[PDB]
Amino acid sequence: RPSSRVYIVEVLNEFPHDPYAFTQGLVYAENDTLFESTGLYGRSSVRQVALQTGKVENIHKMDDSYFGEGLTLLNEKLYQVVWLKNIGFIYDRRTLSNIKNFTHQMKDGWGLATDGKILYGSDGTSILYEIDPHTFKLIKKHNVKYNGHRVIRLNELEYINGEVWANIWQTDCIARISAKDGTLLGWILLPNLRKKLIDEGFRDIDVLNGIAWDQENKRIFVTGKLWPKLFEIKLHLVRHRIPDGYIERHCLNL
């Protein structure tokens, strides 16, 4: 059989998610506690959320001038980027208060993740950035490619076992990227999740976005912008032939 490196997803559990939350960042902390960053001018926020209920336990509303983007948690601090700017915000997770700001050298601010030592960033280009959390200088730039094509639109990120997984904006795909060298290690296809919500009558929903990993219990959670549900998912390696050019069409929008 092929080393397909393409996965489909099974829903293990469904949980409520705020259908007014324009998800741009998603983090799993501990004890069924999530952190989330939302966008939209006048609606951007960082939130502590209970997994089981989707209840917002604590919220920090941003100034109306910002469009909140990616979010990650590193050593008790939540780091957040914002659309079109090089500024980012740091919140203490104990209080959800803004303790510090920073500036990074990306070309935009879309996604953040961490391996527990440094920050990874995306900005909608095909570059996955390594960012030093002390100096906020770039450590390295990985140019992510698939079959020679640039993988642009890298969006919400999550570090999982040596990989950085990235939503690709406006697709139902997640790229699995090597944190070591930027290699495209695999593609996850999730179109069944949005389709299921549309079929349940939730017609006003926006795109798949937001990935969070619970390392302790080995749970993967995903949601989407304005989605009324957040899903716990299990990956399954494909056991069928992927048509020529399928990933290029559906995940790279070529």
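The numbering used is simple: start at 1 and walk along the sequence shown.
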Determine, for stretches 67-75 and 134-142, which one has the higher mean CA B-factor as deposited.
134-142
For residue 100, return the chain-relative third of its C-alpha B-factor as stated in the PDB record: lowest, middle or highest.
highest
CA B-factor ranking of residue 118, expressed as a third of its chain:
highest
Sorting by Cα B-factor within the chain, modelled residues only, which third would residue 179 end up in: lowest, middle or highest?
highest
Going by the entry, which third of its chain does the Cα temperature factor of residue 35 land in?
lowest
Residue 107 - which third its CA temperature factor falls in, relative to the rest of the chain:
middle
